[PDB]
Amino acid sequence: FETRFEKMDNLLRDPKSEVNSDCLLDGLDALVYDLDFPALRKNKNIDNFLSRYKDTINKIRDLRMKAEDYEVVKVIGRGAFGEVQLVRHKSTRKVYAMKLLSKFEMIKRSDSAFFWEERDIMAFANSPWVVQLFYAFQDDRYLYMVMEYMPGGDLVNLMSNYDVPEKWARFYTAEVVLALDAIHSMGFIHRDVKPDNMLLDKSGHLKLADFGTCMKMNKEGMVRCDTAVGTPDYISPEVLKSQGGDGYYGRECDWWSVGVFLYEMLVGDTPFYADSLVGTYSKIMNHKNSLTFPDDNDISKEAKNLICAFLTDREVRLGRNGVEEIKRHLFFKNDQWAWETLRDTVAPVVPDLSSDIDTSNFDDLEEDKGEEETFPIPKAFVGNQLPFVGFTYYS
């Protein structure tokens, strides 16, 4: 009684806990979803449980956060397992960006663990470099992530809408460096650094948005991965080389992607662009001969040096000896801003916003996903809702 009890109360209250109040309700909720089928109901035990808990769980479902509580303005983005839509909470009238993740497409493949790091990072980062997660909830079909809306859009949109000069390229590269260092200080390697993940707020300042590929570093700041992760153009040779045996890499791989970002910002095209996706693979592996710069150059000596310093073999890459090695590069030596007060200074592009639901910085995309597949009626207990138990979070 005195020896142990105090610890149990903390485990139920703690937001970082795996067995807190909201996570335990997820278990009861998942159990009802996975058992309520005629074939399964034949079992006296399964029928005994559902007859006692179906009515109260339906009462729970109505009380706790649901997709119905949010009014969808428009679809602003789309990923592999879902879509990002601009939403307004019906009661509070607060504007958010809601990320949906298809439980079907997640179960169909095997990806049912990637969201845990993303959820943890966004919800407990408390950094102006990470897109904040206010609420996380779920139903039988999706995983919902209620995050802060970034009205300035992504860097892909900025690079297509503007001929980015070196003064702007210096700002956005430095912001990415400080943003990645915040992720590194949290003990993570991003593994998917690209302009699609770099989002801008109402002020026009950078924030990292997707953390699905994030992996916790060991005591040596290293990681072991048998399967390569990222995007064909921004992938580093060491991560691209991943296979069962030699898949050993640290935080240096994220700095490669920074150089890939800087090249695309100043040139207009990705450094290892090929018309065939296999052609890109060979170009990255042969960076010693593939990395060229167009004959016409308005871009500085120090810009090409930082690009080439990042775009080298893992061992000779810049940033191997910490972030201070990057911060001290001649390319970042300017007069307009300082490393410690960079986010406090005026951004190059400040979004001209008319309303709280302004989507000018987001390109229109096909709203209809057709007809999404739903799990077939099981003949026995499969428990498709089990890998999602504990996802619900509140702030």
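What we label the rigid core is the largest C-alpha set whose atoms superpose within 1.5 Å from one form to the other. In this text, residue numbers run from 1 along the sequence as written.
After superposing on the rigid core, which of 143-151 and 313-321 has its C-alpha atoms sitting farther from this form in 9 other deposited structures of this protein? If we average over structures and residues in 9 other deposited structures of this protein, the farther stretch is 313-321.
Could you tell me which of the two stretches, 340-348 or 51-59, has its Cα atoms lying farther from the shown structure in 9 other deposited structures of this protein after fitting on the rigid core? More C-alpha displacement in 9 other deposited structures of this protein shows up in 51-59.
At least a third of the other entries leave residue 36 unmodelled: No, none of the compared structures omit it.
Residue 369 coordinate gap across at least a third of other entries: Across the other compared entries, residue 369 is absent from at least a third.
Between 25-33 and 322-330 (mean CA B-factor, as deposited), the higher: So the stretch with the higher mean C-alpha B-factor is 322-330.
Mean C-alpha B-factor comparison - 295-303 and 135-143, higher one: Between 295-303 and 135-143, it is 295-303 that shows the higher mean C-alpha B-factor.
Using only modelled residues of the chain, where does the Cα B factor of residue 152 rank: lowest third, middle third or highest third? It falls in the middle third of the chain.
Lowest, middle or highest third: which one holds residue 19 when the chain's residues are ordered by CA B-factor from the entry? Answer is middle: the recorded C-alpha B-factor places it there.
Would you check the entry's CA temperature factor for residue 245 and let me know if it's in the chain's lowest, middle or highest third? It belongs to the highest third of the chain when residues are ordered by C-alpha B-factor.
Name the third of the chain's ranked CA B-factors that contains residue 215, choosing lowest, middle or highest. Lowest third, going by the recorded CA B-factors of the chain.
Lowest, middle or highest third: where is residue 170 by Cα B-factor in its chain? It belongs to the middle third of the chain when residues are ordered by C-alpha B-factor.
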